[PDB]
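One file, model-v7.pdb, carrying PDB, C-alpha atoms:
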ATOM      1  CA  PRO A   1       0.904 -21.631 -13.146  1.00  0.00           C
ATOM      2  CA  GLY A   2      -1.664 -18.976 -14.310  1.00  0.00           C
ATOM      3  CA  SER A   3      -1.135 -16.556 -11.340  1.00  0.00           C
ATOM      4  CA  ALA A   4      -1.092 -12.724 -11.837  1.00  0.00           C
ATOM      5  CA  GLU A   5      -1.439  -9.309 -10.047  1.00  0.00           C
ATOM      6  CA  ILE A   6      -2.949  -5.796 -10.515  1.00  0.00           C
ATOM      7  CA  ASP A   7      -0.615  -3.077 -11.938  1.00  0.00           C
ATOM      8  CA  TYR A   8       0.372  -0.627  -9.126  1.00  0.00           C
ATOM      9  CA  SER A   9       1.316   2.338 -11.441  1.00  0.00           C
ATOM     10  CA  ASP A  10      -1.250   4.424  -9.396  1.00  0.00           C
ATOM     11  CA  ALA A  11       0.997   4.166  -6.236  1.00  0.00           C
ATOM     12  CA  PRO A  12       2.276   7.460  -4.640  1.00  0.00           C
ATOM     13  CA  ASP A  13       5.986   8.456  -4.812  1.00  0.00           C
ATOM     14  CA  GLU A  14       6.333   7.744  -1.024  1.00  0.00           C
ATOM     15  CA  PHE A  15       5.438   4.014  -1.678  1.00  0.00           C
ATOM     16  CA  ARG A  16       7.725   3.697  -4.784  1.00  0.00           C
ATOM     17  CA  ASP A  17      11.519   3.065  -4.850  1.00  0.00           C
ATOM     18  CA  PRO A  18      13.828   5.432  -6.888  1.00  0.00           C
ATOM     19  CA  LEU A  19      16.099   2.775  -8.569  1.00  0.00           C
ATOM     20  CA  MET A  20      13.486   0.175  -9.736  1.00  0.00           C
ATOM     21  CA  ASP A  21      10.618   2.768 -10.183  1.00  0.00           C
ATOM     22  CA  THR A  22       8.000   0.413  -8.551  1.00  0.00           C
ATOM     23  CA  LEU A  23       6.192  -0.265  -5.218  1.00  0.00           C
ATOM     24  CA  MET A  24       8.936  -1.289  -2.708  1.00  0.00           C
ATOM     25  CA  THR A  25       6.467  -3.206  -0.399  1.00  0.00           C
ATOM     26  CA  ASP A  26       9.311  -3.573   2.197  1.00  0.00           C
ATOM     27  CA  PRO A  27      10.382  -0.038   3.324  1.00  0.00           C
ATOM     28  CA  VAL A  28      13.533  -0.106   5.541  1.00  0.00           C
ATOM     29  CA  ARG A  29      14.997   2.888   7.451  1.00  0.00           C
ATOM     30  CA  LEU A  30      18.753   3.738   7.436  1.00  0.00           C
ATOM     31  CA  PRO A  31      20.893   5.342  10.275  1.00  0.00           C
ATOM     32  CA  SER A  32      20.757   8.657   8.264  1.00  0.00           C
ATOM     33  CA  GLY A  33      16.916   8.600   8.840  1.00  0.00           C
ATOM     34  CA  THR A  34      16.311   7.972   5.052  1.00  0.00           C
ATOM     35  CA  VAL A  35      13.880   5.182   3.978  1.00  0.00           C
ATOM     36  CA  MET A  36      14.872   2.760   1.160  1.00  0.00           C
ATOM     37  CA  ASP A  37      13.700  -0.573  -0.344  1.00  0.00           C
ATOM     38  CA  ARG A  38      15.052  -3.783   1.326  1.00  0.00           C
ATOM     39  CA  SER A  39      16.258  -5.376  -1.975  1.00  0.00           C
ATOM     40  CA  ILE A  40      18.006  -2.190  -3.337  1.00  0.00           C
ATOM     41  CA  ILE A  41      19.990  -1.589  -0.079  1.00  0.00           C
ATOM     42  CA  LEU A  42      21.166  -5.264   0.175  1.00  0.00           C
ATOM     43  CA  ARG A  43      21.991  -5.226  -3.600  1.00  0.00           C
ATOM     44  CA  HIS A  44      24.235  -2.147  -3.057  1.00  0.00           C
ATOM     45  CA  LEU A  45      25.915  -3.760   0.041  1.00  0.00           C
ATOM     46  CA  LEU A  46      27.223  -6.510  -2.346  1.00  0.00           C
ATOM     47  CA  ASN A  47      29.040  -3.766  -4.400  1.00  0.00           C
ATOM     48  CA  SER A  48      30.297  -1.752  -1.329  1.00  0.00           C
ATOM     49  CA  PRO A  49      29.338  -1.379   2.431  1.00  0.00           C
ATOM     50  CA  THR A  50      27.657   2.000   1.691  1.00  0.00           C
ATOM     51  CA  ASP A  51      24.447   3.921   0.797  1.00  0.00           C
ATOM     52  CA  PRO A  52      23.312   3.604  -2.935  1.00  0.00           C
ATOM     53  CA  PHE A  53      22.757   7.405  -3.553  1.00  0.00           C
ATOM     54  CA  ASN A  54      25.512   9.024  -1.347  1.00  0.00           C
ATOM     55  CA  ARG A  55      28.102   6.267  -0.433  1.00  0.00           C
ATOM     56  CA  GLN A  56      28.365   7.025   3.305  1.00  0.00           C
ATOM     57  CA  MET A  57      29.112   3.825   5.341  1.00  0.00           C
ATOM     58  CA  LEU A  58      26.197   1.359   5.924  1.00  0.00           C
ATOM     59  CA  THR A  59      25.863  -2.177   7.505  1.00  0.00           C
ATOM     60  CA  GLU A  60      22.866  -4.592   7.833  1.00  0.00           C
ATOM     61  CA  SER A  61      22.903  -4.077  11.673  1.00  0.00           C
ATOM     62  CA  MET A  62      22.028  -0.331  11.140  1.00  0.00           C
ATOM     63  CA  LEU A  63      18.747  -1.097   9.231  1.00  0.00           C
ATOM     64  CA  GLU A  64      15.166  -1.224  10.658  1.00  0.00           C
ATOM     65  CA  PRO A  65      11.926  -2.106   8.682  1.00  0.00           C
ATOM     66  CA  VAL A  66       9.269   0.699   8.638  1.00  0.00           C
ATOM     67  CA  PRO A  67       5.823  -0.431  10.011  1.00  0.00           C
ATOM     68  CA  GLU A  68       3.820   2.809   9.398  1.00  0.00           C
ATOM     69  CA  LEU A  69       4.478   2.539   5.601  1.00  0.00           C
ATOM     70  CA  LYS A  70       4.282  -1.295   5.240  1.00  0.00           C
ATOM     71  CA  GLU A  71       0.859  -1.440   7.040  1.00  0.00           C
ATOM     72  CA  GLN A  72      -0.430   1.424   4.792  1.00  0.00           C
ATOM     73  CA  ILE A  73       0.949  -0.250   1.574  1.00  0.00           C
ATOM     74  CA  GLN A  74      -0.790  -3.620   2.259  1.00  0.00           C
ATOM     75  CA  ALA A  75      -4.119  -1.810   2.994  1.00  0.00           C
ATOM     76  CA  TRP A  76      -3.767   0.259  -0.243  1.00  0.00           C
ATOM     77  CA  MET A  77      -2.945  -2.836  -2.426  1.00  0.00           C
ATOM     78  CA  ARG A  78      -6.112  -4.547  -1.017  1.00  0.00           C
ATOM     79  CA  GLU A  79      -8.306  -1.662  -2.388  1.00  0.00           C
ATOM     80  CA  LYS A  80      -6.585  -1.847  -5.851  1.00  0.00           C
ATOM     81  CA  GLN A  81      -7.371  -5.630  -5.980  1.00  0.00           C
ATOM     82  CA  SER A  82     -11.007  -5.365  -4.644  1.00  0.00           C
ATOM     83  CA  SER A  83     -11.794  -2.815  -7.458  1.00  0.00           C
ATOM     84  CA  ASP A  84     -11.696  -5.759 -10.003  1.00  0.00           C
ATOM     85  CA  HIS A  85     -14.582  -8.251 -10.699  1.00  0.00           C
TER      86      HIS A  85
END
Could you quickly redo this structure as structure tokens?
Amino acid sequence: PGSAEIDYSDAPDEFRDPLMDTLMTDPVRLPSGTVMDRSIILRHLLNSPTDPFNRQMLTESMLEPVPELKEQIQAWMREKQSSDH
């Protein structure tokens, strides 16, 4: 297939993940109150049942997806795409 996307290098640091240095798209809140990317937290759980930047205990049942960031991210990505013709 020939499918492709706009480069999101213009995204703010509150939309980007720290490990992969890109737009997370799925923000997920931890029991510490910290927000992380869905894929980075589940990738660290495979190594140990702990947080990726502090190693306090963490389980999948303690996680909750963030709506107020995900709904802002999808609106922002729409404007980056509609700027092209």
Q: Have a look at A:19, A:79, A:66, A:12 and name the one nearest to residue 53 of chain A; count all atoms listed in the file.
A: A:19
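Among A:14, A:50, A:75, A:44, the residue with the shortest atom-to-atom distance to residue 32 of chain A, counting only C-alpha atoms, is A:50.
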(Q) Set the distance at 10 Å and use all atoms listed in the file: which residues neighbour residue 59 of chain A once local chain neighbours fewer than 6 positions away are removed? I'd like the list as JSON, numbers by chain. (A) {"A": [30, 31, 41, 42, 45, 48, 49, 50, 51]}
Q. Could you work out how far atom CA of residue 25 of chain A lies from atom CA of residue 54 of chain A, giving the answer in Å with one decimal?
A. 22.7 Å
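Of the residues under consideration (A:26, A:37, A:71, A:21), A:21 shows the shortest atom-to-atom contact distance to residue 8 of chain A when counting all atoms listed in the file.
Of the listed residues A:2, A:18, A:52, A:65, the one whose atoms come nearest to residue 38 of chain A is A:65, with distances taken using all atoms listed in the file.
One distance worth recording is that between atom CA of residue 4 of chain A and atom CA of residue 84 of chain A, which is 12.8 Å.
Residue nearest residue 68 of chain A within the list A:10, A:27, A:20, A:43: A:27 [criterion: smallest interatomic distance, only C-alpha atoms].
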Coordinates of segment 52-85 of chain A, N, CA and C atoms, as an mmCIF file, in the first residue's frame:
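See result.cif below for the written result:
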data_model
loop_
_atom_site.group_PDB
_atom_site.id
_atom_site.type_symbol
_atom_site.label_atom_id
_atom_site.label_comp_id
_atom_site.auth_asym_id
_atom_site.auth_seq_id
_atom_site.Cartn_x
_atom_site.Cartn_y
_atom_site.Cartn_z
ATOM 1 N N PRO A 52 8.454 2.608 34.658
ATOM 2 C CA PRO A 52 9.655 2.642 33.808
ATOM 3 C C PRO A 52 10.744 3.661 34.200
ATOM 4 N N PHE A 53 10.430 4.676 35.016
ATOM 5 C CA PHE A 53 11.332 5.788 35.366
ATOM 6 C C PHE A 53 11.576 5.937 36.885
ATOM 7 N N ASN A 54 11.103 4.985 37.697
ATOM 8 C CA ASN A 54 11.181 5.021 39.170
ATOM 9 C C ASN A 54 11.168 3.622 39.838
ATOM 10 N N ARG A 55 10.553 2.625 39.186
ATOM 11 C CA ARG A 55 10.457 1.223 39.608
ATOM 12 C C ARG A 55 9.726 0.992 40.948
ATOM 13 N N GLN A 56 8.779 1.867 41.302
ATOM 14 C CA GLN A 56 7.701 1.523 42.241
ATOM 15 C C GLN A 56 6.773 0.473 41.601
ATOM 16 N N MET A 57 6.055 -0.312 42.407
ATOM 17 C CA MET A 57 5.131 -1.346 41.921
ATOM 18 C C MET A 57 3.995 -0.763 41.060
ATOM 19 N N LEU A 58 3.596 -1.508 40.018
ATOM 20 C CA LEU A 58 2.567 -1.133 39.039
ATOM 21 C C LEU A 58 1.951 -2.393 38.395
ATOM 22 N N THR A 59 0.617 -2.415 38.245
ATOM 23 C CA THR A 59 -0.181 -3.491 37.625
ATOM 24 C C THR A 59 -1.187 -2.878 36.645
ATOM 25 N N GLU A 60 -1.590 -3.628 35.616
ATOM 26 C CA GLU A 60 -2.545 -3.180 34.585
ATOM 27 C C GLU A 60 -3.901 -2.721 35.154
ATOM 28 N N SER A 61 -4.328 -3.273 36.291
ATOM 29 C CA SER A 61 -5.566 -2.902 36.995
ATOM 30 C C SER A 61 -5.522 -1.503 37.648
ATOM 31 N N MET A 62 -4.334 -0.908 37.785
ATOM 32 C CA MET A 62 -4.110 0.424 38.375
ATOM 33 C C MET A 62 -4.145 1.566 37.336
ATOM 34 N N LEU A 63 -4.160 1.232 36.039
ATOM 35 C CA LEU A 63 -4.111 2.165 34.917
ATOM 36 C C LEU A 63 -5.512 2.677 34.524
ATOM 37 N N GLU A 64 -5.575 3.896 33.985
ATOM 38 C CA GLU A 64 -6.802 4.516 33.464
ATOM 39 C C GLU A 64 -6.466 5.478 32.303
ATOM 40 N N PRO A 65 -6.967 5.252 31.068
ATOM 41 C CA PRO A 65 -6.772 6.147 29.926
ATOM 42 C C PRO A 65 -7.260 7.575 30.199
ATOM 43 N N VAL A 66 -6.505 8.576 29.737
ATOM 44 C CA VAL A 66 -6.788 10.010 29.947
ATOM 45 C C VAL A 66 -7.632 10.566 28.779
ATOM 46 N N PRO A 67 -8.881 11.010 29.017
ATOM 47 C CA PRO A 67 -9.744 11.543 27.958
ATOM 48 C C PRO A 67 -9.395 12.986 27.577
ATOM 49 N N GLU A 68 -9.081 13.848 28.552
ATOM 50 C CA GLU A 68 -8.860 15.281 28.320
ATOM 51 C C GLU A 68 -7.599 15.587 27.487
ATOM 52 N N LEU A 69 -6.648 14.645 27.414
ATOM 53 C CA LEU A 69 -5.505 14.700 26.495
ATOM 54 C C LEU A 69 -5.810 14.004 25.170
ATOM 55 N N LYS A 70 -6.403 12.803 25.177
ATOM 56 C CA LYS A 70 -6.675 12.066 23.934
ATOM 57 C C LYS A 70 -7.631 12.818 22.984
ATOM 58 N N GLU A 71 -8.670 13.463 23.530
ATOM 59 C CA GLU A 71 -9.621 14.288 22.769
ATOM 60 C C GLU A 71 -8.978 15.581 22.235
ATOM 61 N N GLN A 72 -7.999 16.151 22.947
ATOM 62 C CA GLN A 72 -7.214 17.291 22.451
ATOM 63 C C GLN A 72 -6.213 16.872 21.360
ATOM 64 N N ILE A 73 -5.531 15.733 21.522
ATOM 65 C CA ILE A 73 -4.564 15.186 20.551
ATOM 66 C C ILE A 73 -5.216 14.922 19.187
ATOM 67 N N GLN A 74 -6.374 14.252 19.158
ATOM 68 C CA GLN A 74 -7.067 13.933 17.902
ATOM 69 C C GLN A 74 -7.602 15.180 17.177
ATOM 70 N N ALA A 75 -8.001 16.223 17.922
ATOM 71 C CA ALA A 75 -8.370 17.525 17.360
ATOM 72 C C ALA A 75 -7.148 18.258 16.781
ATOM 73 N N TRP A 76 -6.006 18.226 17.479
ATOM 74 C CA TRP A 76 -4.759 18.839 17.027
ATOM 75 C C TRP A 76 -4.216 18.167 15.756
ATOM 76 N N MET A 77 -4.147 16.828 15.713
ATOM 77 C CA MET A 77 -3.720 16.071 14.521
ATOM 78 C C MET A 77 -4.592 16.358 13.293
ATOM 79 N N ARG A 78 -5.896 16.599 13.473
ATOM 80 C CA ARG A 78 -6.803 16.989 12.380
ATOM 81 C C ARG A 78 -6.353 18.310 11.720
ATOM 82 N N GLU A 79 -5.986 19.321 12.514
ATOM 83 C CA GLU A 79 -5.490 20.616 12.006
ATOM 84 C C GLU A 79 -4.141 20.493 11.270
ATOM 85 N N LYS A 80 -3.234 19.620 11.734
ATOM 86 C CA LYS A 80 -1.955 19.358 11.052
ATOM 87 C C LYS A 80 -2.150 18.688 9.675
ATOM 88 N N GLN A 81 -3.167 17.828 9.549
ATOM 89 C CA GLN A 81 -3.540 17.162 8.293
ATOM 90 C C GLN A 81 -4.298 18.101 7.339
ATOM 91 N N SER A 82 -5.251 18.910 7.828
ATOM 92 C CA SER A 82 -6.033 19.837 6.986
ATOM 93 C C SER A 82 -5.231 21.060 6.487
ATOM 94 N N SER A 83 -4.010 21.265 6.987
ATOM 95 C CA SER A 83 -3.063 22.277 6.480
ATOM 96 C C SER A 83 -2.420 21.903 5.124
ATOM 97 N N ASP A 84 -2.493 20.631 4.702
ATOM 98 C CA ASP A 84 -1.956 20.123 3.431
ATOM 99 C C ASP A 84 -3.026 20.069 2.319
ATOM 100 N N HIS A 85 -2.615 20.369 1.077
ATOM 101 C CA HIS A 85 -3.444 20.321 -0.143
ATOM 102 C C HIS A 85 -2.665 19.719 -1.330
#
